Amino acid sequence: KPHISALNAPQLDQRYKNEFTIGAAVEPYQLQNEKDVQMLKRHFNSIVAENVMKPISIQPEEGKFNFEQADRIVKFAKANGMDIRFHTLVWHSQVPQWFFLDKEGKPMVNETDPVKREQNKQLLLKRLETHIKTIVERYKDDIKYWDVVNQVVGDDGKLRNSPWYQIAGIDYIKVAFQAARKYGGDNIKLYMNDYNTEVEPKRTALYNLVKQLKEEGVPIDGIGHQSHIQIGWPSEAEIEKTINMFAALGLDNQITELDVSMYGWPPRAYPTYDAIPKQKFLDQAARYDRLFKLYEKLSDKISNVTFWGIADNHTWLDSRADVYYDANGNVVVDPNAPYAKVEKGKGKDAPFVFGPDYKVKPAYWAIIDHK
(Lines of atoms letter the chains of each structure in order from A and count residues from 1; the text may use other names and numbers.)
(Lines give C-alpha, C1' and ligand atoms only; values in the text may rest on other atoms or scores of the structure.)
Protein backbone atom coordinates (compact mmCIF):
# COMPACT_ATOMS: atom_id res chain seq x y z
CA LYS A 1 0.00 0.00 0.00
CA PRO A 2 1.72 3.10 -1.20
CA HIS A 3 3.26 6.07 0.67
CA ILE A 4 0.97 8.56 -1.01
CA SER A 5 0.31 12.17 -0.05
CA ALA A 6 -2.18 12.24 2.81
CA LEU A 7 -3.60 15.43 1.39
CA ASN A 8 -5.75 13.27 -0.99
CA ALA A 9 -5.81 9.83 0.76
CA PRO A 10 -9.18 8.60 1.98
CA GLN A 11 -10.35 10.77 4.94
CA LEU A 12 -9.72 9.37 8.37
CA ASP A 13 -12.63 11.11 10.09
CA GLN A 14 -15.06 9.73 7.42
CA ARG A 15 -13.81 6.15 8.10
CA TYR A 16 -14.78 6.58 11.71
CA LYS A 17 -17.71 9.03 11.55
CA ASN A 18 -20.30 6.65 13.09
CA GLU A 19 -17.94 5.28 15.69
CA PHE A 20 -16.26 8.50 17.17
CA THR A 21 -14.79 11.81 16.04
CA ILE A 22 -11.17 11.94 15.03
CA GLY A 23 -9.23 14.81 16.43
CA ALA A 24 -5.85 16.63 16.27
CA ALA A 25 -3.94 18.84 18.83
CA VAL A 26 -2.73 22.00 17.21
CA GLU A 27 -0.63 25.15 17.68
CA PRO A 28 -1.84 28.37 16.17
CA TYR A 29 1.15 28.59 13.78
CA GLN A 30 -0.19 25.41 12.16
CA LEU A 31 -3.30 27.27 11.03
CA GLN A 32 -0.88 29.38 8.90
CA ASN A 33 0.97 26.31 7.44
CA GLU A 34 -0.75 25.37 4.13
CA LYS A 35 -0.24 21.61 4.57
CA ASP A 36 -1.39 21.55 8.18
CA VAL A 37 -4.52 23.36 7.26
CA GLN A 38 -5.35 20.96 4.37
CA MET A 39 -4.64 18.01 6.76
CA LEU A 40 -7.12 19.38 9.33
CA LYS A 41 -9.72 19.93 6.65
CA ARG A 42 -9.22 16.57 5.11
CA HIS A 43 -8.90 14.16 8.02
CA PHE A 44 -10.06 15.60 11.24
CA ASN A 45 -13.49 16.68 12.69
CA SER A 46 -12.36 17.62 16.23
CA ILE A 47 -9.60 19.92 17.45
CA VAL A 48 -7.84 20.78 20.73
CA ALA A 49 -5.04 23.26 21.61
CA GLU A 50 -1.81 21.59 22.50
CA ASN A 51 -0.74 24.54 24.69
CA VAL A 52 -2.55 27.82 24.19
CA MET A 53 -5.52 26.99 26.38
CA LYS A 54 -3.53 26.03 29.41
CA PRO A 55 -3.76 28.15 32.60
CA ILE A 56 -0.49 29.94 32.05
CA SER A 57 -1.40 30.83 28.42
CA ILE A 58 -4.92 32.10 29.25
CA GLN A 59 -4.22 34.03 32.52
CA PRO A 60 -0.45 34.50 32.93
CA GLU A 61 -0.94 37.31 35.52
CA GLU A 62 -4.14 37.80 37.54
CA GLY A 63 -6.63 39.78 35.50
CA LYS A 64 -4.69 39.57 32.29
CA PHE A 65 -6.51 37.19 29.93
CA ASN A 66 -5.09 36.26 26.55
CA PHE A 67 -7.69 34.63 24.44
CA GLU A 68 -6.23 35.67 21.09
CA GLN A 69 -4.51 32.39 20.32
CA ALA A 70 -7.39 30.29 21.70
CA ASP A 71 -9.81 32.37 19.65
CA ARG A 72 -7.96 31.48 16.40
CA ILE A 73 -8.41 27.73 17.02
CA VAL A 74 -12.07 28.25 17.84
CA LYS A 75 -12.62 30.38 14.74
CA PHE A 76 -10.97 27.70 12.54
CA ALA A 77 -12.97 24.89 14.11
CA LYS A 78 -16.20 26.77 13.52
CA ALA A 79 -15.45 27.58 9.89
CA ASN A 80 -14.70 23.87 9.33
CA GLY A 81 -17.44 22.23 11.35
CA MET A 82 -15.08 20.69 13.91
CA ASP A 83 -15.85 19.81 17.49
CA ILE A 84 -13.61 21.57 20.05
CA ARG A 85 -12.06 20.34 23.29
CA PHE A 86 -10.73 22.67 25.92
CA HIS A 87 -7.36 21.65 27.34
CA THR A 88 -7.35 22.40 30.26
CA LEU A 89 -8.92 24.49 33.12
CA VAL A 90 -6.72 23.14 35.94
CA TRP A 91 -3.27 21.52 35.96
CA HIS A 92 -0.15 21.41 38.15
CA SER A 93 2.08 22.30 35.25
CA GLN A 94 1.90 25.23 32.77
CA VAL A 95 0.12 27.11 35.55
CA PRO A 96 0.91 30.60 36.73
CA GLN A 97 2.74 30.96 39.94
CA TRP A 98 0.49 33.89 41.14
CA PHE A 99 -2.42 31.55 41.96
CA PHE A 100 -0.54 30.03 44.90
CA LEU A 101 0.82 33.28 46.53
CA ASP A 102 -0.82 34.62 49.68
CA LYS A 103 -1.73 38.26 50.15
CA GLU A 104 1.83 39.15 51.17
CA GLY A 105 3.27 37.38 48.18
CA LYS A 106 4.60 34.38 50.15
CA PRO A 107 4.00 30.85 48.89
CA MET A 108 0.82 29.52 50.45
CA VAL A 109 2.28 26.02 50.74
CA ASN A 110 4.65 27.43 53.49
CA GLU A 111 1.88 28.75 55.73
CA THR A 112 1.81 26.96 59.15
CA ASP A 113 -0.99 28.85 60.88
CA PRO A 114 -4.32 26.95 60.43
CA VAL A 115 -6.65 30.02 60.24
CA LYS A 116 -4.34 31.49 57.60
CA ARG A 117 -4.21 28.17 55.77
CA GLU A 118 -7.97 28.16 55.65
CA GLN A 119 -7.99 31.72 54.37
CA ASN A 120 -5.52 30.75 51.65
CA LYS A 121 -7.71 27.84 50.69
CA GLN A 122 -10.67 30.04 50.23
CA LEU A 123 -8.66 32.64 48.33
CA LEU A 124 -7.22 29.94 45.98
CA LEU A 125 -10.68 28.55 45.36
CA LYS A 126 -12.00 31.98 44.52
CA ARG A 127 -9.24 32.54 42.02
CA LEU A 128 -9.95 29.08 40.51
CA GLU A 129 -13.62 29.92 40.22
CA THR A 130 -12.82 33.26 38.53
CA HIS A 131 -10.43 31.66 35.97
CA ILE A 132 -13.06 29.03 35.07
CA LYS A 133 -15.88 31.51 34.95
CA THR A 134 -14.17 33.89 32.62
CA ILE A 135 -13.15 31.09 30.18
CA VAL A 136 -16.47 29.23 30.15
CA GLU A 137 -18.48 32.44 29.85
CA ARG A 138 -16.54 33.24 26.73
CA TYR A 139 -16.60 29.70 25.10
CA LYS A 140 -19.64 27.83 26.41
CA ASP A 141 -21.56 28.13 23.10
CA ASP A 142 -18.62 27.04 20.89
CA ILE A 143 -16.74 24.33 22.94
CA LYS A 144 -18.53 21.15 23.77
CA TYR A 145 -15.84 19.12 25.57
CA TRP A 146 -13.87 20.33 28.56
CA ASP A 147 -10.77 18.93 30.34
CA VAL A 148 -11.77 20.45 33.69
CA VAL A 149 -8.86 18.85 35.61
CA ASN A 150 -5.75 17.17 34.32
CA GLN A 151 -3.54 14.66 36.12
CA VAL A 152 -4.98 14.98 39.61
CA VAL A 153 -4.19 11.39 40.65
CA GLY A 154 -0.69 10.28 41.36
CA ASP A 155 1.15 7.31 39.87
CA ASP A 156 1.38 5.95 43.48
CA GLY A 157 -2.42 5.87 43.51
CA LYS A 158 -2.72 8.79 45.93
CA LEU A 159 -4.04 12.29 44.96
CA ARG A 160 -1.28 14.19 43.29
CA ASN A 161 0.20 16.42 46.03
CA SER A 162 0.42 19.45 43.88
CA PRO A 163 -0.02 23.00 45.27
CA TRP A 164 -3.76 22.76 44.43
CA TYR A 165 -4.08 19.76 46.65
CA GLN A 166 -1.63 20.93 49.37
CA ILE A 167 -3.42 24.27 49.65
CA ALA A 168 -7.04 23.36 49.12
CA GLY A 169 -7.34 19.62 49.50
CA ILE A 170 -9.86 17.70 47.43
CA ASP A 171 -12.29 20.58 47.21
CA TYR A 172 -10.27 22.17 44.28
CA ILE A 173 -11.53 19.31 42.08
CA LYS A 174 -15.15 19.69 43.13
CA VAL A 175 -15.07 23.50 42.80
CA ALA A 176 -13.57 23.26 39.30
CA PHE A 177 -16.34 20.98 38.06
CA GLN A 178 -19.13 22.87 39.83
CA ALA A 179 -17.85 26.16 38.43
CA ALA A 180 -17.72 24.78 34.88
CA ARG A 181 -21.24 23.52 35.17
CA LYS A 182 -22.56 26.76 36.75
CA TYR A 183 -21.19 29.07 34.01
CA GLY A 184 -21.41 26.68 31.10
CA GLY A 185 -24.78 25.06 31.57
CA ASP A 186 -25.88 21.54 31.08
CA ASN A 187 -24.88 21.11 27.50
CA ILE A 188 -21.06 21.28 27.92
CA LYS A 189 -19.43 17.95 28.78
CA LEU A 190 -16.92 17.84 31.64
CA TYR A 191 -13.93 15.48 31.83
CA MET A 192 -11.23 14.39 34.16
CA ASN A 193 -8.11 13.72 32.03
CA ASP A 194 -5.09 11.67 32.98
CA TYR A 195 -2.29 9.38 31.65
CA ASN A 196 -1.54 5.71 32.55
CA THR A 197 -5.23 5.37 33.24
CA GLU A 198 -4.85 1.64 32.51
CA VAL A 199 -2.21 1.15 35.16
CA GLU A 200 -2.54 0.11 38.84
CA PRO A 201 -2.79 1.49 41.50
CA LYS A 202 -3.61 4.75 39.50
CA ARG A 203 -6.60 3.20 37.62
CA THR A 204 -8.57 2.08 40.72
CA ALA A 205 -7.62 5.30 42.55
CA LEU A 206 -9.12 7.26 39.59
CA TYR A 207 -12.19 5.02 39.56
CA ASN A 208 -12.80 5.41 43.34
CA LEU A 209 -12.23 9.17 43.15
CA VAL A 210 -14.70 9.70 40.37
CA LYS A 211 -17.33 7.31 41.86
CA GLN A 212 -17.20 9.32 45.16
CA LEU A 213 -17.37 12.69 43.40
CA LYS A 214 -20.39 11.65 41.41
CA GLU A 215 -22.06 10.23 44.57
CA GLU A 216 -21.57 13.66 46.12
CA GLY A 217 -23.36 15.31 43.07
CA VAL A 218 -20.05 16.71 41.48
CA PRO A 219 -20.84 17.04 37.78
CA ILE A 220 -18.32 14.80 35.80
CA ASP A 221 -19.46 13.47 32.38
CA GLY A 222 -16.39 11.52 31.26
CA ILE A 223 -12.78 10.41 31.52
CA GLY A 224 -10.01 11.57 29.13
CA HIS A 225 -7.45 8.86 28.60
CA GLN A 226 -4.36 10.69 27.43
CA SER A 227 -3.02 7.48 25.81
CA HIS A 228 0.67 8.39 25.54
CA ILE A 229 1.50 4.80 24.83
CA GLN A 230 4.09 2.53 23.30
CA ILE A 231 4.07 -0.22 20.68
CA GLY A 232 3.89 -3.09 23.30
CA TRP A 233 2.53 -1.36 26.42
CA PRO A 234 -0.10 -1.09 27.77
CA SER A 235 -1.84 -4.14 26.43
CA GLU A 236 -5.04 -3.94 24.56
CA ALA A 237 -6.63 -6.17 27.13
CA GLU A 238 -5.75 -3.67 29.89
CA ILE A 239 -7.05 -0.78 27.71
CA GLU A 240 -10.31 -2.61 27.27
CA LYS A 241 -10.71 -3.32 30.94
CA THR A 242 -10.06 0.35 31.72
CA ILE A 243 -12.58 1.73 29.27
CA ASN A 244 -15.15 -0.76 30.38
CA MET A 245 -14.68 0.01 34.09
CA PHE A 246 -15.34 3.73 33.55
CA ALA A 247 -18.18 3.24 31.18
CA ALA A 248 -19.81 1.06 33.92
CA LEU A 249 -19.92 4.23 36.08
CA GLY A 250 -22.02 5.97 33.39
CA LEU A 251 -18.94 7.96 32.14
CA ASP A 252 -18.05 8.84 28.52
CA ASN A 253 -14.51 7.92 27.53
CA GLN A 254 -12.32 10.02 25.16
CA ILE A 255 -8.89 9.07 23.91
CA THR A 256 -7.56 12.56 24.28
CA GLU A 257 -3.84 12.71 23.49
CA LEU A 258 -3.02 9.54 21.52
CA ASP A 259 0.45 8.95 20.29
CA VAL A 260 2.29 5.62 19.78
CA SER A 261 5.95 6.17 20.43
CA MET A 262 8.60 4.11 18.66
CA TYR A 263 10.37 3.87 22.02
CA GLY A 264 10.17 2.54 25.55
CA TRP A 265 10.56 4.34 28.87
CA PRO A 266 12.89 6.10 29.49
CA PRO A 267 13.24 6.32 25.69
CA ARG A 268 16.46 5.65 23.79
CA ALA A 269 15.72 7.43 20.56
CA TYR A 270 17.20 7.56 17.06
CA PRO A 271 18.75 10.84 16.32
CA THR A 272 16.79 11.49 13.11
CA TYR A 273 13.69 10.22 11.41
CA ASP A 274 15.78 8.71 8.65
CA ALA A 275 17.58 6.42 11.15
CA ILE A 276 14.38 4.73 12.33
CA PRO A 277 14.38 1.25 10.75
CA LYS A 278 11.47 0.25 8.50
CA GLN A 279 10.52 -2.67 10.72
CA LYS A 280 9.61 -0.15 13.51
CA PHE A 281 6.88 1.26 11.22
CA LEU A 282 5.46 -2.19 10.70
CA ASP A 283 5.44 -2.99 14.41
CA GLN A 284 3.72 0.39 14.92
CA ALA A 285 1.23 -0.32 12.19
CA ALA A 286 0.25 -3.63 13.83
CA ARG A 287 -0.22 -1.89 17.19
CA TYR A 288 -2.44 0.78 15.53
CA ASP A 289 -4.37 -2.03 13.86
CA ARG A 290 -5.14 -3.72 17.14
CA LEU A 291 -5.82 -0.47 18.93
CA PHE A 292 -8.34 0.89 16.48
CA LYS A 293 -10.05 -2.48 16.27
CA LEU A 294 -10.52 -2.21 19.94
CA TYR A 295 -11.74 1.36 19.93
CA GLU A 296 -14.29 0.26 17.28
CA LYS A 297 -15.31 -2.70 19.48
CA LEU A 298 -15.90 -0.14 22.22
CA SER A 299 -17.33 2.66 20.07
CA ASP A 300 -20.50 2.87 22.03
CA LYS A 301 -18.36 3.91 24.99
CA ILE A 302 -15.92 6.24 23.21
CA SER A 303 -17.07 9.58 21.70
CA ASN A 304 -13.68 10.79 20.42
CA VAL A 305 -10.16 9.73 19.57
CA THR A 306 -7.74 12.65 19.33
CA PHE A 307 -4.08 12.42 18.22
CA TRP A 308 -1.62 14.65 20.06
CA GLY A 309 -0.49 16.30 16.76
CA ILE A 310 -1.13 16.22 13.03
CA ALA A 311 1.96 14.57 11.44
CA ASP A 312 5.36 13.24 12.46
CA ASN A 313 7.18 16.56 11.70
CA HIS A 314 5.79 17.95 14.92
CA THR A 315 5.31 15.98 18.20
CA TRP A 316 6.02 16.81 21.88
CA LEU A 317 7.56 13.30 22.03
CA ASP A 318 10.73 14.76 20.45
CA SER A 319 11.28 16.60 23.76
CA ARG A 320 11.56 13.14 25.39
CA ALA A 321 13.55 11.56 22.50
CA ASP A 322 16.82 11.25 24.39
CA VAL A 323 19.75 10.02 22.28
CA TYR A 324 22.29 7.70 23.91
CA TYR A 325 25.86 7.46 22.57
CA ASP A 326 28.53 4.86 23.27
CA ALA A 327 32.24 5.77 23.86
CA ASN A 328 32.90 5.55 20.11
CA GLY A 329 30.03 8.03 19.42
CA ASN A 330 27.65 5.41 17.96
CA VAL A 331 23.96 5.69 18.80
CA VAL A 332 22.61 3.20 21.39
CA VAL A 333 18.87 2.22 21.29
CA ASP A 334 18.97 -1.03 23.36
CA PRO A 335 17.58 -0.29 26.69
CA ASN A 336 20.16 -2.27 28.56
CA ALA A 337 23.32 -1.64 26.63
CA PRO A 338 26.45 0.35 27.57
CA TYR A 339 26.62 3.99 26.78
CA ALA A 340 28.71 6.99 27.72
CA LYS A 341 26.57 10.05 27.10
CA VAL A 342 23.00 11.11 26.59
CA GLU A 343 21.73 14.06 24.54
CA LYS A 344 18.38 14.86 26.09
CA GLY A 345 15.52 15.74 23.76
CA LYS A 346 17.62 15.75 20.63
CA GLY A 347 16.28 12.71 18.70
CA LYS A 348 13.17 11.96 16.70
CA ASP A 349 10.02 10.02 17.48
CA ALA A 350 7.43 9.04 14.88
CA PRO A 351 4.04 8.54 16.57
CA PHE A 352 1.26 9.24 14.09
CA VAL A 353 -0.27 7.68 10.95
CA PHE A 354 1.06 10.54 8.84
CA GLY A 355 4.75 10.97 8.04
CA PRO A 356 6.81 14.18 8.31
CA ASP A 357 6.43 14.75 4.59
CA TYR A 358 2.68 14.44 4.94
CA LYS A 359 2.57 11.09 3.23
CA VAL A 360 0.70 8.15 4.76
CA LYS A 361 2.51 5.61 6.89
CA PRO A 362 1.82 1.83 7.17
CA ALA A 363 -0.14 2.68 10.35
CA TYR A 364 -2.52 4.75 8.18
CA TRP A 365 -3.32 1.76 6.02
CA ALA A 366 -3.76 -0.38 9.11
CA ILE A 367 -6.54 1.89 10.44
CA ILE A 368 -8.22 3.08 7.31
CA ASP A 369 -9.16 -0.52 6.26
CA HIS A 370 -11.89 -2.74 7.57
CA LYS A 371 -9.74 -5.69 8.62
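All residue numbers refer to positions in the sequence shown, first residue = 1.
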Per the PDB entry, mean CA B-factor is higher for 327-335 or 342-350, namely for 327-335
Of 93-101 vs 69-77, the stretch with the larger average CA B-factor in the entry is 93-101
For 198, 142, 283, 137, the deposited C-alpha B-factor is largest at 198
Among 155, 194, 289, 257, the highest C-alpha B-factor in the PDB entry belongs to 155
Residue 147: CA B-factor among chain residues, third -> lowest
The third of the chain into which the C-alpha temperature factor of residue 206 falls is the highest
For residue 34, the third of its chain by CA B-factor is the highest
Residue 213: C-alpha B-factor third of its chain, per the entry, is the highest
By the entry's values, the third containing the CA B factor of residue 250 is the highest
